[PDB]
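Undergrad: Here is the input, now give the coordinates:
(one chain, ligands or ions: 2)
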Amino acid sequence: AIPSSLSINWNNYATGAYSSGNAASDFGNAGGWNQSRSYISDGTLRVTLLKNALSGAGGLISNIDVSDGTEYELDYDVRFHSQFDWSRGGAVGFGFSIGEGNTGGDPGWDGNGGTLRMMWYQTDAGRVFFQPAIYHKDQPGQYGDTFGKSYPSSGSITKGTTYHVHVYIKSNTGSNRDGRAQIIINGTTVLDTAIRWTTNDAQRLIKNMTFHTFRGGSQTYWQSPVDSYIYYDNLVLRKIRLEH
Ligand SMILES: O=C(O)[C@H]1O[C@@H](O[C@H]2[C@H](O)[C@H](O)[C@H](O[C@H]3[C@H](O)[C@H](O)[C@H](O[C@H]4[C@H](O)[C@H](O)[C@H](O)O[C@@H]4C(=O)O)O[C@@H]3C(=O)O)O[C@@H]2C(=O)O)[C@@H](O)[C@@H](O)[C@@H]1O
Ligand SMILES: [Ca+2]
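TA: Residues are numbered from 1 along each chain as shown. Ligands and ions are numbered 1, 2, ... in the order given. Next comes the structure:
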């Protein structure tokens, strides 16, 4: 199944292992799954971040191919373990790819792809927050654009707290800035901007849903010496439009 909508609550599973076959049946498809790091914990999907490791080497980086569209939304709950080691930060949650789906230091300067995802980050002074990681035509650096936004805008996020995250994306047309990127967390708008995802219209469509949970960053101080856990629940995905 290449779905256009999904509603997953993991409520039908016994506490225990969660295979990529399980992931395929809930998501329709889920590529790049690493089932030794997925686990059902009390009606909840738990993802393990391995100690002394970053990116795919320690986390779970899955893409769910979806029905191509020009407008999409999703909702989900995310909770860090009550004893989570924040460390420097990393990627969390469900987002969207457009076109070639640029990530990982490959900026969308060529007008052929981008992504809408979210990170956590801890500053030198110890403030911890969520922040956008947006790859798009006009991203200023090789890595994701934050638009300078953070949730909360003052203070820090908190371990053990359930954050309800709403993500909405809209394709742009041609070379116009008439696309949209939007992230709302517990009712607060973190990001809501016009954006130019692409300049090549053959790559303007939303093509899959990202499910990326990892530490880093690529420097070793983003690592943690303990295995760490992030809990997801209530994923609702909905195609809104396809406008060729
Ligand atoms: O604040 C600091 O300490 C330093 O930050 C340095 O920049 C960071 C960025 O802030 C982001 O954290 C960025 O994340 C990258 C990763 O480095 C890595 O590419 C990760 O890659 C994945 C990827 O998502 C892809 O989907 C693939 O499937 O797996 C990849 C993999 O195996 O590598 O992707 C993140 C991303 O997509 O943005 O990392 C940089 C960095 O430098 O590593 C920098 O600003 C530094 O000066 C600061 O001191
Ligand atoms: Ca549940």
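
Undergrad: residues in contact with the single longest helix found in the chain?
TA: Looking across the chain with DSSP state H, the single longest helix is helix 20-27. Residues outside helix 20-27 that contact it (Cβ atoms under 8 Å, 6 or more residues apart in numbering): 3, 6, 8, 10, 13, 30, 33-35, 38, 62, 64. Where C-beta positions appear, they are placed from N, C-alpha and C, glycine not excepted.

Undergrad: for stretch 10-17, same thing?
TA: Here stretch 10-17 makes contact (Cβ under 8 Å, 6+ apart) with 22, 26, 35, 38-45, 233.

Undergrad: Keep these, but drop any that are not near ligand 2.
TA: Among the contacts of stretch 10-17, proximity to ligand 2 is found for 43, 233 (Cβ under 5 Å from the ion).

Undergrad: nearest to ligand 1, of the contacts of helix 20-27?
TA: Checking the contacts of helix 20-27 against ligand 1 by Cβ to the nearest ligand atom gives residue 62 as the nearest, at 9.5 Å.

Undergrad: The closest one and residue 155, how far apart?
TA: Distance, residue 62 to residue 155, using Cβ to Cβ, to the nearest Å: 31 Å.

Undergrad: between the two, who's got more neighbours?
TA: For residue 62 versus residue 155, neighbours defined as other Cβ atoms under 10 Å are more numerous around residue 62 (24 against 11).

Undergrad: ranges for the helices of the chain?
TA: Counting by DSSP H, the segments of the chain that form helices are 20-27, 55-58.

Undergrad: Which one of the ones you listed lies nearest to ligand 1?
TA: Across the helices of the chain, closest to ligand 1 is helix 55-58 (Cβ to the nearest ligand atom), at 3.4 Å.

Undergrad: Tell me the buried residues in that closest one?
TA: Under the neighbour-count criterion of 16 or more other Cβ atoms under 10 Å, helix 55-58 has 55, 58 buried.

Undergrad: residues from this protein in reach of ligand 2?
TA: Looking at ligand 2, the residues of the chain close enough under Cβ under 5 Å from the ion are 9-11, 43, 233.

Undergrad: Just the buried residues out of those, in PyMOL syntax.
TA: A single PyMOL command selects the buried members of the residues of the chain next to ligand 2 (16+ other Cβ under 10 Å):
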select buried, resi 10+233
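
Undergrad: Tabulate the residues of the chain next to ligand 2 (TSV), appending distance to residue 113.
TA: What follows is the residues of the chain next to ligand 2, written out as TSV (distance: Cβ to Cβ, whole Å):
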residue	distance to residue 113
9	31
10	30
11	35
43	35
233	30
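
Undergrad: Show me the strands in the protein, by range?
TA: Remark: strands assigned in the chain by DSSP state E are 5-8, 16-17, 38-40, 45-49, 60-69, 71-80, 89-99, 113-122, 128-135, 162-170, 179-185, 188-195, 206-215, 228-241.

Undergrad: tell me which strands and helices the longest one is in contact with?
TA: When contacts are defined as 3 or more Cβ pairs under 8 Å, 6 or more residues apart in numbering; DSSP states H and E, strand 228-241 sits against strand 5-8, strand 45-49, strand 60-69, strand 71-80, strand 89-99, strand 206-215.
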